[PDB]
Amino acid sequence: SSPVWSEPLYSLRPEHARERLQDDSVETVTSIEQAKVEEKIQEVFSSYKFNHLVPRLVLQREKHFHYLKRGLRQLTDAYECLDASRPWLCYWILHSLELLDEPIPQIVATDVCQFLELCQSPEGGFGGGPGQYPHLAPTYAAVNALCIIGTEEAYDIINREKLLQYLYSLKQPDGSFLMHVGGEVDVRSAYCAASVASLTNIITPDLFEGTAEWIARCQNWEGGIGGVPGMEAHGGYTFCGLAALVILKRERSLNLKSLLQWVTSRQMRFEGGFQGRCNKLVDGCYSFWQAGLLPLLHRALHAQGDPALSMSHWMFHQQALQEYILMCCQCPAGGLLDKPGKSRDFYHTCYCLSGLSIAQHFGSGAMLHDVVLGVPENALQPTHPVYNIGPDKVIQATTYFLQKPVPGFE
């Protein structure tokens, strides 16, 4: 076998070259773009191999940490485009720190709580910044950020009575939710609503009536889930759809066979990462939205007594995903990214790390099996596949809020 200082990689096997795109001599925009990405990625993979010497891969934790720590205070005017997404910046950064096992100083934690209080609307929910209308997306982010902090100060920020009224104010007769008052409907809203309502213990019998059925209407002929009924299956919306159904305990509303076959098909044979939809490009953020579907599907199938489920692995290539993230998605200045050639950002930092943690950690019942590629220090903290915050944080928040009544409902 191998000395400890060399670790053979799947993407470096000689037979891996056979996985390059076969365009059948028929060039289209799609194949031209795929080939350009593959050529760049092969150059990257090759830079990690020195004939039979293959040094262990390294997650640059310290560089990522410094990048993240700086983003938590002041940002340049380049971030003006995110002025209606400020709770997202809090969530993406705090969750990345949490995965990296970097403590959140007490003062930082209090400051985050205070700012999110300012984003909270008197009508319930949180807006993208102080004085903005509430919207389910920053509401989801703010609640997750508060649960990551996990102090009584953080939990008590949330106005639960108004939050529940706000969710009611967005609920449509067909089971769907508006993203905000006078706004658009897509499957993101069902997940944002289900996530915040379950964490804060504000679910009424009424609240999600019809919602499972509406989500099922968004599953399409491909087996994944589109933003609304009729639309192309996409990893982001598929994650939202399945996670919302897991919260509602209605996963069986879907065809799990076609979903499983679709998501596993989204892992790229050459790159090792995931694409968001068939015949589009690999992207590090799908390390979460797509690969996070496998622990959800595992749980769903396990609940049905499926005798064929693995007791050690998720149903995707855990090693190849770790290889894609570690070799292709790290910015040497810190932060992570979509694919080589793209700029780092806090969103890709959050989801590449979340996907890495999923890839490293299998758990089902009492069975736990880790596969940490590279140096042992690469091991991240685990993430909950429904909420995408630490499982410890989920338990602590849910326990806290279960001690409070559902607002105005016995």
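We number the residues from 1 along the sequence you see. Think of the rigid core as the biggest set of C-alphas that the two forms share within 1.5 Å after superposition.
Colleague: Please indicate which stretch deviates more in 6 other deposited structures of this protein: 69-77 or 151-159, judged by C-alpha RMS distance after a core superposition?
Modeller: Between the two stretches, 69-77 moves farther in 6 other deposited structures of this protein.
Colleague: Comparing 66-74 with 377-385, where is the mean C-alpha B-factor higher?
Modeller: The entry gives the higher C-alpha B-factor average to 66-74.
Colleague: Where do the C-alpha atoms have the higher mean temperature factor in this entry, in 174-182 or in 259-267?
Modeller: Here the higher of the two C-alpha B-factor means belongs to 174-182.
Colleague: Looking at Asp283, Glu153, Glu213, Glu232, which one carries the largest C-alpha B-factor according to the PDB entry?
Modeller: Within the set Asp283, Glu153, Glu213, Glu232, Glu153 shows the top C-alpha B-factor.
Colleague: Out of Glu323, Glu222, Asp338, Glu102, which one has a C-alpha B factor higher than all the others in the entry?
Modeller: That would be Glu102.
Colleague: Taking the C-alpha B-factors as the PDB entry records them, is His348 in the lowest, middle or highest third of its chain?
Modeller: For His348, whose C-alpha B-factor we compare with every modelled residue in the chain, the answer is the lowest third.
Colleague: Would you check the entry's CA temperature factor for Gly125 and let me know if it's in the chain's lowest, middle or highest third?
Modeller: It belongs to the lowest third of the chain when residues are ordered by C-alpha B-factor.
Colleague: Split into thirds by Cα B-factor across the chain's modelled residues, where does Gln60 land: lowest, middle or highest?
Modeller: Its C-alpha B-factor belongs to the middle third of this chain's values.
Colleague: Can you tell me which third, lowest, middle or highest, the CA B-factor of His313 falls into for its chain?
Modeller: For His313, the deposited C-alpha B-factor lands in the middle third.
Colleague: For the chain shown, is the CA B-factor of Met367 in the lowest, middle or highest third of its modelled residues?
Modeller: Within its chain, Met367 is a highest-third residue by C-alpha B-factor, going by the deposited values.
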